[PDB]
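S.K.: Okay, handing you the structure first.
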Amino acid sequence: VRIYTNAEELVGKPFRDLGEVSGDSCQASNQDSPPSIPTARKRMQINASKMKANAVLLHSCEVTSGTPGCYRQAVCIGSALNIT
Amino acid sequence: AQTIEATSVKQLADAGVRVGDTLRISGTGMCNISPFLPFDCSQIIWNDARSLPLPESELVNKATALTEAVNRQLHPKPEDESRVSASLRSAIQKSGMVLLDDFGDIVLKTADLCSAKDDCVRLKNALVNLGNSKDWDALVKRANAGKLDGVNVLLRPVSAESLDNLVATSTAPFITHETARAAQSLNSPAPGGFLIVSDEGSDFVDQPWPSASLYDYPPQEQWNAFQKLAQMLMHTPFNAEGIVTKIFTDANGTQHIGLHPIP
């Protein structure tokens with residue numbers, strides 16, 4: 001599952017859209033190791049393959065705070081794509 | 001000299017109108033093919049066999065359909081359906097780029113309008129370059145096979161404006177040529193009946209004048225205005241009154257009657 005960071009990279013590539021996908025990494029307590037954005041990416045792309053994806057156009061991965069269940073949270077989402 | 005009143009073509013045919021008679025006619029007719037141009041409402045075709053249909057054009061409809069399919073992707077309306085996910089849609093607007101919702105729709109509507117080998121070659125080449133097919137016929141085959149339905153294509157605004165302008169310049173000549181054919185079609189009158197002519201050139205109808213001349217409109221707007229004018233003037237109430245100054249039958253069995261207004 002390839003990952004694109006700019007829409008400009010898909011120009012001239014017919015594709016089908018398969019919906020949103022995301023990956024996450026929590027750190028329960030402030031004491032615990034910080035949220036891993038990479039681990040989010042890899043969960044995103046493996047769940048992209050669950051939807052029979054070919055690639056992902058990455059929307060965002062802001063590292064948020066107000067999330068419940070962990071002190072700071074890495075949410076990282078994009079569109080699953082099927083390049084023809 | 002008689003005074004003849006007629007409310008139907010058959011009544012007038014049996015009335016035996018002669019030069020010098022006073023004629024009073026009311027009915028529904030067609031303005032012959034002034035604010036009503038290309039129509040002339042000082043000459044009314046009055047016939048029982050109104051065989052001329054209102055101007056309709058499958059070719060114009062194909063052009064309008066292509067223009068509509070492209071505009072809903074490059075210039076969406078309030079209600080317009082979006083054929084990608086909300087999130088990817090959402091993502092593209094904050095992106096600052098242009099997405100084609102439905103590449104297959106544009107191909108099929110182009111193939112439909114541009115069915116001849118020589119029609120719209122530049123637009124066809126532009127579509128071939130966006131898709132993954134070898135040539136246009138290969139692309140149309142996949143389109144007819146259904147392999148492109150709902151496929152999306154991303155292109156940068158310079159290509160999107162080149163595309164929007166290519167479509168604009170490919171559709172418009174079809175509409176211009178069809179408005180020529182359509183008005184020329186309306187020039188062939190049905191056999192028989194009457195042509196009621198004002199000697200003064202005054203109109204026999206009471207109809208609202210168009211706010212402007214359709215000849216000054218671009219092709220699609222011109223076609224629409226002409227369809228509206230024709231819808232009005234090809235089936236219009238008319239009142240014709242006056243002294244008969246001439247009457248004669250033309251080669252088509254149509255009786256021309258010249259009327260001079262009464263003070």
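We label chains A, B, ... in the order they appear in the structure tokens, count residues from 1 in each chain, and number ligands from 1 in the order shown.
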Enumerate as a PyMOL selection string the residues belonging to chain B that approach chain A to within 9 Å, with only C-alpha atoms taken into account.

M.R.: chain B and resi 84-88+91-92+95+97+103+129-132+148+150-156

S.K.: Compile the contact shell of residue B:122 as an NGL selection string: residues with an atom at most 8 Å away, counting only C-alpha atoms, same-chain residues fewer than 3 positions apart removed.

M.R.: :B and (125-126 or 166)

S.K.: Check the smallest atom-to-atom distance from each of A:53, A:37, A:29, A:44 to residue A:74 using only C-alpha atoms, then report the winner.

M.R.: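 Once distances to residue A:74 are computed over only C-alpha atoms, the minimum belongs to A:37.
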
S.K.: Check stretch 103-222 of chain B with DSSP on the backbone and list each residue it calls strand (DSSP E), as a PyMOL selection string.

M.R.: chain B and resi 153-155+194-198

S.K.: Which distance in Å separates atom CA of residue B:235 and atom CA of residue B:22, to one decimal?

M.R.: 24.9 Å

S.K.: If you count only C-alpha atoms, which residues fall within 10 Å of residue B:53, apart from same-chain ones fewer than 4 positions away, as number ranges by chain?

M.R.: B: 185-186, 230-231, 234

S.K.: Please measure the separation of atom CA of residue B:187 and atom CA of residue B:261, giving the value in Å to one decimal.

M.R.: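 Value for the atom CA of residue B:187-atom CA of residue B:261 distance: 26.5 Å.
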
S.K.: Quote the spacing between atom CA of residue A:27 and atom CA of residue A:73 in Å to one decimal place.

M.R.: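 Separation of atom CA of residue A:27 and atom CA of residue A:73: 6.7 Å.
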
S.K.: Which is closer to residue A:35 than all the others in A:3, A:54, A:63, A:68, using only C-alpha atoms?

M.R.: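 Among the listed residues, the smallest separation from residue A:35 belongs to A:63.
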
S.K.: Looking at B:170, B:138, B:224, B:96, which one is nearest to residue B:118, with distances taken over only C-alpha atoms?

M.R.: B:170

S.K.: Would you list, as a ChimeraX atom specification, the residues of stretch 22-248 of chain B that end up in helix (DSSP H, G or I) under DSSP run on this structure's backbone?

M.R.: /B:58-74,86-95,103-113,121-130,136-145,157-185,214-216,219-233

S.K.: What would the file look like if the residues just selected were written as a short mmCIF file (atom, residue, chain, number, x, y, z; two decimals), in the first residue's frame with C-alpha atoms?

M.R.:
data_model
loop_
_atom_site.label_atom_id
_atom_site.label_comp_id
_atom_site.auth_asym_id
_atom_site.auth_seq_id
_atom_site.Cartn_x
_atom_site.Cartn_y
_atom_site.Cartn_z
CA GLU B 58 -30.87 15.17 -30.28
CA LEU B 59 -27.50 16.67 -31.26
CA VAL B 60 -28.13 19.80 -29.19
CA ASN B 61 -29.31 17.60 -26.31
CA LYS B 62 -26.05 15.63 -26.49
CA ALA B 63 -24.05 18.87 -26.42
CA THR B 64 -26.02 20.24 -23.48
CA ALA B 65 -25.62 16.91 -21.67
CA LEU B 66 -21.85 16.93 -22.12
CA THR B 67 -21.57 20.54 -20.93
CA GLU B 68 -23.71 19.69 -17.91
CA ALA B 69 -21.67 16.59 -16.99
CA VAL B 70 -18.42 18.56 -17.04
CA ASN B 71 -19.79 21.63 -15.25
CA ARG B 72 -21.10 19.59 -12.32
CA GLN B 73 -17.50 18.42 -11.80
CA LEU B 74 -15.68 21.75 -12.37
CA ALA B 86 -17.20 13.37 1.94
CA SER B 87 -13.73 13.09 3.50
CA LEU B 88 -11.87 12.96 0.19
CA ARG B 89 -14.19 15.69 -1.09
CA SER B 90 -13.50 17.66 2.10
CA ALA B 91 -9.80 16.96 1.64
CA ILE B 92 -9.66 18.24 -1.96
CA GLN B 93 -11.25 21.64 -1.28
CA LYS B 94 -8.78 22.48 1.51
CA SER B 95 -6.14 20.95 -0.78
CA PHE B 103 -14.23 10.27 -15.71
CA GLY B 104 -16.38 7.58 -17.33
CA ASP B 105 -19.37 9.93 -17.56
CA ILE B 106 -17.34 12.48 -19.50
CA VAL B 107 -15.99 9.86 -21.92
CA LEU B 108 -19.42 8.37 -22.69
CA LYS B 109 -21.10 11.73 -23.16
CA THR B 110 -18.23 12.76 -25.44
CA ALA B 111 -18.46 9.51 -27.44
CA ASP B 112 -22.19 10.15 -27.79
CA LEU B 113 -21.98 13.72 -29.08
CA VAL B 121 -10.39 15.20 -32.03
CA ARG B 122 -8.65 17.55 -29.59
CA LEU B 123 -11.11 16.78 -26.79
CA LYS B 124 -10.68 13.06 -27.49
CA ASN B 125 -6.89 13.35 -27.28
CA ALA B 126 -7.23 15.28 -24.01
CA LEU B 127 -9.40 12.51 -22.56
CA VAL B 128 -7.05 9.76 -23.81
CA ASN B 129 -4.18 11.48 -22.00
CA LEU B 130 -6.06 11.54 -18.68
CA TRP B 136 -9.63 6.95 -28.17
CA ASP B 137 -11.32 3.80 -29.48
CA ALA B 138 -9.61 1.71 -26.78
CA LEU B 139 -10.85 4.18 -24.15
CA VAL B 140 -14.41 4.14 -25.53
CA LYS B 141 -14.35 0.34 -25.43
CA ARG B 142 -13.46 0.32 -21.73
CA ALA B 143 -16.11 3.00 -21.22
CA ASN B 144 -18.72 0.88 -22.98
CA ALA B 145 -17.44 -2.10 -20.99
CA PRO B 157 -6.13 23.67 -12.66
CA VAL B 158 -4.25 24.51 -15.87
CA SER B 159 -5.33 21.18 -17.35
CA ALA B 160 -8.83 21.59 -15.90
CA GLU B 161 -9.23 24.96 -17.58
CA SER B 162 -7.80 23.62 -20.83
CA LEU B 163 -10.38 20.83 -20.47
CA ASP B 164 -13.31 23.13 -19.64
CA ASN B 165 -12.41 25.32 -22.63
CA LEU B 166 -11.96 22.33 -24.98
CA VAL B 167 -15.46 21.15 -24.10
CA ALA B 168 -16.86 24.65 -24.53
CA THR B 169 -15.30 24.91 -27.98
CA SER B 170 -16.30 21.37 -29.01
CA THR B 171 -20.00 21.58 -28.04
CA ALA B 172 -20.74 25.07 -29.30
CA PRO B 173 -20.41 24.48 -33.10
CA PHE B 174 -22.91 21.60 -32.90
CA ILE B 175 -25.47 23.97 -31.36
CA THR B 176 -24.79 26.78 -33.88
CA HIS B 177 -25.12 24.40 -36.81
CA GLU B 178 -28.30 22.91 -35.37
CA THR B 179 -29.90 26.35 -34.92
CA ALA B 180 -29.18 26.99 -38.62
CA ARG B 181 -30.75 23.68 -39.64
CA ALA B 182 -33.75 24.16 -37.33
CA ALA B 183 -34.74 27.60 -38.59
CA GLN B 184 -34.18 26.45 -42.17
CA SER B 185 -36.39 23.42 -41.44
CA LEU B 214 -31.45 35.91 -29.43
CA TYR B 215 -28.89 36.40 -32.21
CA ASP B 216 -26.76 38.27 -29.67
CA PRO B 219 -25.04 29.27 -28.81
CA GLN B 220 -26.69 27.45 -25.90
CA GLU B 221 -28.54 30.54 -24.69
CA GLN B 222 -29.51 31.31 -28.28
CA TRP B 223 -30.95 27.83 -28.82
CA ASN B 224 -32.95 28.05 -25.57
CA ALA B 225 -34.38 31.48 -26.42
CA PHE B 226 -35.27 30.24 -29.92
CA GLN B 227 -37.05 27.19 -28.47
CA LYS B 228 -39.04 29.54 -26.22
CA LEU B 229 -39.91 31.87 -29.12
CA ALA B 230 -40.97 28.94 -31.30
CA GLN B 231 -43.06 27.44 -28.53
CA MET B 232 -44.97 30.73 -28.41
CA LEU B 233 -45.17 31.70 -32.08
#

S.K.: Find the spatial neighbours of stretch 27-36 of chain B, counting only C-alpha atoms, within a cut-off of 10 Å - ignore same-chain residues fewer than 4 positions away - and output them as an MDAnalysis selection string.

M.R.: chainID B and resid 6:9 40:48 50 52 183:189 194:197 201:205 207:214 226 229:240

S.K.: Keeping N, CA and C atoms, export the residues of the selection given above as a short mmCIF file (atom, residue, chain, number, x, y, z; two decimals), in the first residue's frame.

M.R.:
data_model
loop_
_atom_site.label_atom_id
_atom_site.label_comp_id
_atom_site.auth_asym_id
_atom_site.auth_seq_id
_atom_site.Cartn_x
_atom_site.Cartn_y
_atom_site.Cartn_z
N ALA B 6 -64.53 34.42 -39.66
CA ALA B 6 -64.15 33.02 -39.67
C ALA B 6 -63.38 32.71 -38.40
N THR B 7 -63.70 31.57 -37.79
CA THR B 7 -63.00 31.10 -36.60
C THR B 7 -62.31 29.76 -36.82
N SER B 8 -62.32 29.25 -38.04
CA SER B 8 -61.66 27.99 -38.38
C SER B 8 -61.25 28.04 -39.85
N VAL B 9 -60.19 27.30 -40.17
CA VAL B 9 -59.67 27.26 -41.54
C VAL B 9 -60.75 26.77 -42.50
N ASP B 40 -42.02 36.17 -38.42
CA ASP B 40 -42.73 37.37 -38.87
C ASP B 40 -44.20 37.19 -38.53
N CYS B 41 -44.68 37.95 -37.55
CA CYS B 41 -46.05 37.74 -37.11
C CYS B 41 -47.02 38.60 -37.87
N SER B 42 -46.55 39.30 -38.91
CA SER B 42 -47.46 39.95 -39.84
C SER B 42 -47.93 39.00 -40.92
N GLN B 43 -47.45 37.76 -40.93
CA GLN B 43 -47.89 36.74 -41.88
C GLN B 43 -48.15 35.46 -41.10
N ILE B 44 -49.42 35.03 -41.07
CA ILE B 44 -49.83 33.90 -40.24
C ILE B 44 -50.13 32.71 -41.14
N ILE B 45 -49.43 31.61 -40.89
CA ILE B 45 -49.75 30.33 -41.50
C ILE B 45 -50.92 29.74 -40.73
N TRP B 46 -52.05 29.59 -41.40
CA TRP B 46 -53.26 29.07 -40.76
C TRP B 46 -53.65 27.80 -41.49
N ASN B 47 -53.52 26.66 -40.82
CA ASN B 47 -53.70 25.38 -41.47
C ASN B 47 -54.20 24.37 -40.45
N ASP B 48 -54.95 23.38 -40.94
CA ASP B 48 -55.42 22.30 -40.08
C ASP B 48 -54.33 21.26 -39.85
N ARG B 50 -50.99 21.26 -38.99
CA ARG B 50 -49.76 21.82 -38.44
C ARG B 50 -48.80 20.66 -38.21
N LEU B 52 -45.39 20.78 -38.81
CA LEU B 52 -44.07 21.19 -38.36
C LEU B 52 -43.96 21.06 -36.85
N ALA B 183 -34.00 26.49 -37.98
CA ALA B 183 -34.74 27.60 -38.59
C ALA B 183 -34.94 27.38 -40.08
N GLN B 184 -33.98 26.75 -40.76
CA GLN B 184 -34.18 26.45 -42.17
C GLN B 184 -35.24 25.37 -42.37
N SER B 185 -35.32 24.41 -41.44
CA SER B 185 -36.39 23.42 -41.44
C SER B 185 -37.76 24.08 -41.35
N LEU B 186 -37.90 25.08 -40.49
CA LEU B 186 -39.21 25.71 -40.27
C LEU B 186 -39.68 26.50 -41.49
N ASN B 187 -38.82 26.70 -42.48
CA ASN B 187 -39.13 27.50 -43.65
C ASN B 187 -39.96 26.76 -44.69
N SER B 188 -40.11 25.45 -44.56
CA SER B 188 -40.89 24.61 -45.46
C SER B 188 -42.32 24.48 -44.95
N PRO B 189 -43.27 25.21 -45.52
CA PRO B 189 -44.64 25.18 -44.99
C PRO B 189 -45.41 23.96 -45.47
N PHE B 194 -53.81 28.45 -45.42
CA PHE B 194 -53.79 29.87 -45.70
C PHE B 194 -52.50 30.49 -45.22
N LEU B 195 -52.11 31.58 -45.87
CA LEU B 195 -51.12 32.52 -45.36
C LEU B 195 -51.79 33.88 -45.33
N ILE B 196 -52.03 34.41 -44.12
CA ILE B 196 -52.75 35.66 -43.91
C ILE B 196 -51.73 36.78 -43.69
N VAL B 197 -51.74 37.78 -44.57
CA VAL B 197 -50.65 38.74 -44.70
C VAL B 197 -51.16 40.15 -44.41
N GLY B 201 -47.65 45.35 -42.80
CA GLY B 201 -46.62 44.73 -41.98
C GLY B 201 -46.86 44.78 -40.49
N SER B 202 -48.08 45.09 -40.05
CA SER B 202 -48.42 45.03 -38.63
C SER B 202 -48.60 43.59 -38.16
N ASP B 203 -48.26 43.34 -36.90
CA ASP B 203 -48.41 42.02 -36.31
C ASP B 203 -49.88 41.68 -36.07
N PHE B 204 -50.24 40.42 -36.30
CA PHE B 204 -51.59 39.92 -36.05
C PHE B 204 -51.71 39.25 -34.70
N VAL B 205 -50.64 39.22 -33.92
CA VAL B 205 -50.63 38.59 -32.62
C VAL B 205 -50.49 39.67 -31.56
N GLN B 207 -48.40 39.35 -28.44
CA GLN B 207 -47.49 38.51 -27.69
C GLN B 207 -46.40 39.38 -27.09
N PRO B 208 -45.82 38.96 -25.96
CA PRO B 208 -44.76 39.76 -25.34
C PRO B 208 -43.49 39.73 -26.19
N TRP B 209 -42.90 40.90 -26.40
CA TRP B 209 -41.67 40.98 -27.18
C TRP B 209 -40.52 40.42 -26.34
N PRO B 210 -39.63 39.63 -26.94
CA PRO B 210 -38.42 39.19 -26.22
C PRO B 210 -37.65 40.39 -25.70
N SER B 211 -37.03 40.21 -24.53
CA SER B 211 -36.30 41.32 -23.92
C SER B 211 -35.06 41.69 -24.72
N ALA B 212 -34.58 40.80 -25.58
CA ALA B 212 -33.41 41.07 -26.40
C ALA B 212 -33.43 40.13 -27.60
N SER B 213 -32.55 40.40 -28.57
CA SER B 213 -32.47 39.55 -29.76
C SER B 213 -31.61 38.33 -29.47
N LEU B 214 -32.17 37.14 -29.72
CA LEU B 214 -31.45 35.91 -29.43
C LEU B 214 -30.19 35.77 -30.27
N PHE B 226 -34.56 30.58 -28.69
CA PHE B 226 -35.27 30.24 -29.92
C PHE B 226 -36.34 29.18 -29.68
N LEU B 229 -39.22 31.08 -28.09
CA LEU B 229 -39.91 31.87 -29.12
C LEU B 229 -40.79 30.99 -30.00
N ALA B 230 -40.24 29.87 -30.46
CA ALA B 230 -40.97 28.94 -31.30
C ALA B 230 -42.15 28.33 -30.56
N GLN B 231 -41.97 28.02 -29.29
CA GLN B 231 -43.06 27.44 -28.53
C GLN B 231 -44.24 28.38 -28.47
N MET B 232 -43.97 29.67 -28.36
CA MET B 232 -44.97 30.73 -28.41
C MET B 232 -45.59 30.99 -29.79
N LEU B 233 -44.74 31.18 -30.79
CA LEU B 233 -45.17 31.70 -32.08
C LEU B 233 -45.54 30.62 -33.09
N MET B 234 -45.28 29.35 -32.82
CA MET B 234 -45.71 28.29 -33.73
C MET B 234 -47.11 27.79 -33.43
N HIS B 235 -47.66 28.26 -32.32
CA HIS B 235 -49.01 27.90 -31.88
C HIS B 235 -49.60 29.12 -31.19
N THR B 236 -49.73 30.18 -31.93
CA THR B 236 -50.09 31.43 -31.28
C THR B 236 -51.53 31.83 -31.63
N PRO B 237 -52.29 32.37 -30.67
CA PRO B 237 -53.56 33.04 -31.05
C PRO B 237 -53.26 34.23 -31.94
N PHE B 238 -54.15 34.47 -32.91
CA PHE B 238 -54.01 35.61 -33.80
C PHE B 238 -55.39 36.17 -34.11
N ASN B 239 -55.41 37.47 -34.42
CA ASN B 239 -56.61 38.18 -34.84
C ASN B 239 -56.23 38.99 -36.08
N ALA B 240 -56.84 38.67 -37.21
CA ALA B 240 -56.57 39.37 -38.47
C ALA B 240 -57.86 39.99 -39.02
#

S.K.: Neighbours of residue A:40 within 10 Å (only C-alpha atoms; same-chain residues fewer than 4 positions away dropped), as a ChimeraX atom specification?

M.R.: /A:22-26,35-36,44-45,61,74-77

S.K.: For residue B:253, which residue out of B:193, B:116, B:77, B:133 is the nearest one, using only C-alpha atoms?

M.R.: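 Checking each candidate against residue B:253, we get B:193 as the closest.
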